[PDB]
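Chains as they are written, first to last, in the numbering used here: chain U, 1214 to 1310; chain R, 456 to 626; chain P, 19 to 569; chain H, 759 to 865; chain Y, 17 to 286; chain A, 3 to 179; chain G, 2 to 113; chain W, 31 to 114.
We treat Cβ as the ideally placed atom computed from N, Cα and C, and that holds for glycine.
Notes for the one structure printed next.
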Ligand SMILES: [Mg+2]
Ligand SMILES: [Zn+2]
Ligand SMILES: [Zn+2]
Ligand SMILES: [Zn+2]
């Protein structure tokens, strides 16, 4: 079934933020991807069997993160990439306020 | 050479552990992961000094699962090799290619072409040696190594050295 | 949630620094060389070459081979490739600022026409808004269409400043789909402002100058608005949907990549060999066409460039545009697990907070309770009932995460449960669920009820809750969502419960009323005229669930 | 403050920034006929000092941004002779409170 | 549109209305600071009547024989008469009511008292009269000192912005002005002993029950006030089945879309 | 994974690390500039063999106290007492800590925190690097010819007369193994 | 006074079907098209064109489009609004998600 | 960086949201075999036991109430009044 558009709206007015995490991810797309520290793109060659977390170009295997995003979000990111747009996902912000 | 870098660690203990003497298990988990370890960056993380005074932190619980993230700020004994500095170390392995040195928990290597010409190899010795004027490098020999090259072999940094330059060689 | 552990530290997504792909970076960030449109099979011999598919991207046919990453199909995120374009191409949408910057930057030296000598240009350079700084600079520099070799200072007019060189005129840039049109005048000569010529100028543009515009020398430079390096999307973006086994299945995106790959080696043929010049601008304009086509087909440029099927071809733009277009139907909105849609009927026996749930729906909907000594023993009875008896279990997840599908297991009766395990038990009597009647335009439209596993195939509900949901028993269809997190079912029970929203915050009045039979009966009874005799009275008094038993 | 009958020359009004720091305000007779401010619809607007403005941000933890901004051309922001940055403490009345403190930053 | 605009917007811990950045909309939510439903349409008795009806109902004058609360109303009634500081007290009482009178007559010059106000003061006393079995036969125990001041202390403990400074204390006074005018209308010395005949015990219950019922009325920081505003506008907009203007539905799309090319422009002059 | 006391803002700019050299160009953590978590601009502290040993020997003595509290309710001769504590308060799998202790209680230039003291009071005072102190105090040098060579980092850093004086003092102060 | 004419003009839309809505719901929206400095439409050229992060705006009316100027003008997402966390499948700072919960070893040790 | 426990404009009452997440995190942990700081007085439902934990106000949870400006204030479950 659909926990779609406004199906989200009403949930937000409630307060159940972690029901919205459970819904949009766990009961939907939910994915374990490997982004590089620097260019926050799904670059990382993650040899999970033998821990070689090597990244292409950014010379990494050092600072690498596991991020939890729905496959539809990782997919949409891979989609605008093939249109020269970098959705550089940083685990650590540098904005403040 | 051997220095003390104040470092951090992200231990995320599971709910079943959130009980009275948890501080003991947070510190233990740290000594598991950080103690004994070797990084590429900070070198051999040998000992997590002064067990007593360790940052605990009020760690955040996840919406997903009850687990709480804790970052432990510690003061530890570290050692990283460098290209050029000279260090003492007791020799260990030897053959035709050369001899390996034991500088702390790290292994430096001296090749036949990194040793003087007059300091030649002797396979005809038990255990294999290195003949010269007075200089005869066996296995448990004491050497001064000029760390010409540093290589980080993941869970252990190993190295290359020379005893060719003046003052260096047998101790 | 991804499947199979990784020693990688887990975290939040705290920033999303949007930018442009440096045609420098695109190359590095590539595992694949992408050179020919022979996709998969090495001449029908069921494999893949250095072509469109897995020249090192990711294999189809339930196989690893994804350049060292392998990780099957699930846990294997797509691996991007690259393709060097035979001549630079105007990136379909960034064609806007291409015309714009061109009317500001001197098409000779790479310096803004106007500068710190014009007061309103100064006023603009000061505006701290990244595109409104552009907004004024564009309006300002487009005007003076001659860069000044010399111009008078801000102090005295007989006193000039040789600031920047070149006094050469700027063109009157106007669109022509894929190539810009200039203009300088005796008699007007309009220049074919070509991709190669244009990119050049953009490289030269002073850091401070593109900085005083909406650009960045780290994430997005204007010299990357023109593509030389096209990133080849991996196959889980352009699938290989094979019919049985010996039949193709490439997505229309794989087609336009092949149709670019053709158009790349066509421009290569004319270039590397006998040059036809005003015939090279055809293979160039078709590459320029298909690179602009593969991203957007549904544009102002009359040809929607129909593939031989009459199909405009699945533009990467049309794949992300509104409702069921990723953002608004696959991201903001979704189709979820643990859901149920059923017909509705009235009820004079259920409490305001109770929901009608047929046996079959309760036996189909599972909840994972954690094997703790509190439950454990009773979960072990559920475990020896499976999905036939009302209280039973579908799957039993080990401490390790191995699904003991009760329904077909050989040890299905044995099942010696350990703690920390998860038994996937049916949703049962007085459990929490999100009952909902579409559209969900109201906070009150999506409320939480209490399961009461009834027979007969309909979702029944208390007749006073007929009003906050927008209900009428003409066979209305309602949803149901089963929480899994004991944290999530705490979220329903504490903010989403029906008894809570009795009073409407929306208008400071209660939004649940007694309706029809109860609305007419109560008035027909609360009259001076109406009375009742002992035998029928005693039945009425007993009928109050919490009556004092006092006559 | 110049009070003209019909208009001023644009040749003349370019002589307005000419004598800084002193600011030259220009109003046509037309809007002055009726007191634009003495209206039912517009509540009090108060010129808040350097310290009054700072205090607002220091206590109410705001930024030069976050504030509900005001027009410069606001018939009020010219009747008060407001300039950019100045804070306008507005005491509007409420159907459910009686009074409420709103603050605007001039543009 | 309403919900995509008012999404990010909620109630915060500064007891402010912010969002996706921190841009303030309202400095106290709802210009008052209460949880939307806790509010029942309450009546302000102070605006109403002739300035003479008000005087009979509220003015206490323990110096005049014809305006003294008779010793049938309070146990002190016969001795509380002719007292200096005791009438000086009451002056603040009636004078604060005349203060409240014109105040409410300035916010609403249409007289109407039937306004949405939190904490049903009616219901608390309703319960007090039958949960204390106050016999309006014998006089109330209370002293004029008990009543006037008992409110003067309750008036403080009714909080919105918990702040300790200038403005946070200021826009706070501003926020609970109206409720305080209603508070002063019901808990006025005469109306308390003449009309109500309630004990110190019952009076203290009336003050106690009002206090916490009010601190429950405080909006909960987090509440998606924005989404909620839209989900209370967008929802009943659907139900619209529509000396001549635009009838609700097209009228709404003119104002929401901000239209200067009005389907029905009309200037009204008084 | 164990993170550092030093952190910056190297967003997109990936091109990092300049060749490590004894020429006092070290890691981003390993500079005179780094912070002690207490918010102090602490200069990196490097220690010579023994100044070292007698710190792990120090805090491993401190650790023995804790484990037994929460349980309530001579060179060759030192080599044994060294591995004794290691089989106690040290993991036991801590191969990288064991190798170091034996080699440090073999090669150490000073057996006592009494004598180690006067050495470091004389070295970090000369006006030299915490890295040179850690190189002069463990590698028993004789001539400034020899000294300034094995540690190039000096070269012009000290008076050739002084370097000698410093080293000569350390020769009596040397443990009597 | 603008906030005013706009409000009065909306309350007389609440009475356009007689129905009630507490002052606060409209007075918020009325304040939304005012707190800018003038008057703003409830469209892609009012709220969806202002300050908010690159993803909060692309989520309505214009999408690929909005995201294209996020790319070229090297824009940034706060990850502070609803829409921001929504995409990422995260606990947004909404009601139950706003505050963060921790355990004081100290308060935890007391109980035993 | 934060703010101290004295200086709290934050309502000294627990929010209906904080109730739901404390009573939820305790529901999660208690179902996750976690230590139970209350006597299990006939109680066996994880979420329920967690409720008789906020009753005996022996929940070890502390709430980080962040101010939209940046800084924050702390409050334990014991520290919050429950007039919800
Ligand atoms: Mg219908
Ligand atoms: Zn990278
Ligand atoms: Zn792969
Ligand atoms: Zn030029």
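Next item on the list: Please state whether DSSP places residue 1252 of chain U in a helix, a strand or coil.
Entry: Coil at residue 1252 of chain U, not helix or strand.
Next item on the list: May I ask whether a heavy atom of ligand 6 can be found less than 8 Å away from the beta carbon of residue 1270 of chain U?
Entry: Annotation note on ligand 6: not contained in the displayed structure, which lists ligand 1, ligand 2, ligand 3 and ligand 4 as its ligands.
Check: Between residue 494 of chain P and ligand 1, is the CB less than 8 Å from at least one heavy atom?
Finding: For ligand 1, at least one heavy atom lies less than 8 Å from the Cβ of residue 494 of chain P.
Checklist line | Inter-residue spacing [alpha-carbon to alpha-carbon] between residue 58 of chain W and residue 30 of chain P | finding: C-alpha separation (whole angstroms): 21 Å.
Check: Going by C-alpha distance, which of P:226, P:463, P:170 and P:204 is nearest residue 137 of chain P?
Finding: Nearest C-alpha to residue 137 of chain P: P:170.
Item checked: Span separating the alpha-carbon of residue 149 of chain Y from that of residue 85 of chain Y -> Rounded to the nearest angstrom, the two C-alpha atoms are 22 Å apart.
Next item on the list: Give a yes or no on whether 9 Å exceeds the smallest Cβ distance from residue 55 of chain Y to chain P.
Entry: Yes - at least one Cβ of chain P is within 9 Å of the one on residue 55 of chain Y.
Notebook entry, point to check: With DSSP run on the structure shown, which of helix, strand or coil describes residue 183 of chain Y?
Noted result: Residue 183 of chain Y falls in the helix class under three-state DSSP.
Item checked: For residue 206 of chain P, the three-state DSSP class (helix, strand or coil) -> Of the three classes helix, strand and coil, the one that applies to residue 206 of chain P here is coil, per DSSP.
Item checked: Residues of its chain near residue 109 of chain W, where Cβ-Cβ distance is below 6 Å and the 5 sequence neighbours each way are ignored -> Hits under 6 Å: none found.
Next item on the list: Give a single yes or no on whether residue 497 of chain P has its beta carbon closer than 8 Å to a heavy atom of ligand 1.
Entry: The answer is no for residue 497 of chain P.
Notebook entry, point to check: Thinking C-alpha only, which one of U:1251, U:1302 and U:1280 is nearest residue 15 of chain A?
Noted result: Comparing Cα positions, the closest option is U:1251.
Item checked: C-beta neighbour in chain W for residue 96 of chain G, strict 9 Å -> Cβ-Cβ to chain W under 9 Å: yes for residue 96 of chain G.
Item checked: Own chain, CB closer than 7 Å to residue 1271 of chain U, minus 5 neighbours either side, in chain order -> Listed in chain order, the non-local C-beta contacts of residue 1271 of chain U below 7 Å within the same chain comprise 1249, 1251, 1252 and 1256, local neighbours out to five positions each way being set aside.
Notebook entry, point to check: Any contact of the stretch 838–845 of chain H with the stretch 790–809 of chain H, i.e. 3+ C-beta pairs under 8 Å?
Noted result: Yes, they touch.
Item checked: Beta carbon of residue 355 of chain P nearer than 9 Å to that of residue 1239 of chain U -> With contacts defined as CB atoms closer than 9 Å, residue 355 of chain P and residue 1239 of chain U qualify as a contacting pair.
Next item on the list: Label residue 579 of chain R either buried or exposed according to how many other C-beta atoms from any shown protein chain fall within 10 Å of its C-beta, with 16 as the threshold for buried.
Entry: Residue 579 of chain R comes out exposed.
Check: Taking a cut-off of 7 Å, which residues have a beta-carbon closer than that to any heavy atom of ligand 4, in chain order?
Finding: Answer in sequence order: P:124, P:126, P:127, P:129, P:165, P:182, P:183, P:184 and P:186.
Next item on the list: State the start and end residues of the unbroken alpha helix (DSSP H) segment that holds residue 69 of chain A.
Entry: It spans 55–71 - the alpha helix (DSSP H) in which residue 69 of chain A sits, taken as one unbroken run.
Next item on the list: Output yes or no for whether 9 Å exceeds the beta carbon distance between residue 562 of chain R and residue 625 of chain R.
Entry: No, Cβ-Cβ distance for residue 562 of chain R and residue 625 of chain R is not below 9 Å.
Margin query: Which of the three DSSP states is assigned to residue 217 of chain Y in this structure?
Written below: Three-state result, residue 217 of chain Y: helix.
Next item on the list: Taking residue 60 of chain G and residue 350 of chain P to be in contact with their CB atoms under 8 Å, please state how far apart those CB atoms are, rounded to whole angstroms.
Entry: About 6 Å; that satisfies the 8 Å criterion.
Item checked: Residue range of the beta strand (DSSP E) that includes residue 1282 of chain U -> Its beta strand (DSSP E) spans residues 1277–1282.
Notebook entry, point to check: Excluding sequence positions up to five away, which residues of its chain have a Cβ less than 7 Å from the Cβ of residue 57 of chain Y?
Noted result: Excluding residues within five positions, the ones whose Cβ falls inside 7 Å are 130, 131 and 132.
Notebook entry, point to check: Are residue 465 of chain P and residue 486 of chain P close, meaning C-beta to C-beta below 9 Å?
Noted result: Judged by beta-carbon spacing, residue 486 of chain P lies within the 9 Å limit of residue 465 of chain P, meaning their Cβ atoms are closer than that value.
Next item on the list: Tell me residue 130 of chain Y's beta-bridge partners as DSSP assigns them.
Entry: Bridge partners of residue 130 of chain Y: Y:59.
Check: What's the gap between the Cα of residue 353 of chain P and the Cα of residue 342 of chain P?
Finding: When the Cα atoms are used, residue 353 of chain P and residue 342 of chain P turn out to be separated by approximately 11 Å.
Notebook entry, point to check: Name the chain W residues that come within less than 8 Å of residue 192 of chain P, Cβ to Cβ?
Noted result: Against residue 192 of chain P, chain W offers no close residue; the least beta-carbon distance is about 47 Å (beta-carbon pairs closer than 8 Å).
Next item on the list: May I ask which residues mark the beginning and end of the beta strand (DSSP E) holding residue 1295 of chain U?
Entry: Run containing residue 1295 of chain U: none; DSSP gives neither H nor E here.
Next item on the list: Would you list, in sequence order, the uninterrupted alpha helix (DSSP H) runs of no fewer than 4 residues that lie entirely inside the stretch 189–254 of chain Y?
Entry: Whole alpha helix (DSSP H) segments, 4+ residues: 194–202, 216–233, 241–246 and 250–253.
Next item on the list: Write down every uninterrupted run of the alpha helix (DSSP H) in the stretch 35–102 of chain Y whose length is 4 residues or greater and which is fully enclosed by it, in chain order.
Entry: Unbroken alpha helix (DSSP H) runs of no fewer than 4 residues, entirely contained in the stretch 35–102 of chain Y, are found at 67–74, following chain order.
Check: Given a threshold of 16 other Cβ atoms within 10 Å of its Cβ, counted over all protein chains shown, does residue 797 of chain H qualify as buried or as exposed?
Finding: The residue is exposed, with fewer than 16 neighbouring Cβ atoms inside 10 Å.
Notebook entry, point to check: Any residues in the stretch 184–216 of chain Y with a beta carbon nearer than 9 Å to a beta carbon of chain H? Which ones, in chain order?
Noted result: Within the stretch 184–216 of chain Y, the qualifying residues are 184, 186, 187, 189, 190, 191, 192, 193, 194, 195, 196 and 197.
Notebook entry, point to check: Would you call the stretch 468–481 of chain P and the stretch 373–383 of chain P touching, i.e. three or more CB-CB distances under 8 Å?
Noted result: Counting Cβ pairs under 8 Å, three or more are found: they touch.
Check: What are the partner residues of residue 570 of chain R, as DSSP defines its beta bridges?
Finding: According to DSSP, residue 570 of chain R bridges with nothing at all.
Next item on the list: Could you list which residues in chain R have their beta carbon closer than 8 Å to that of residue 27 of chain P, in chain order?
Entry: Within 8 Å Cβ-Cβ: 465.
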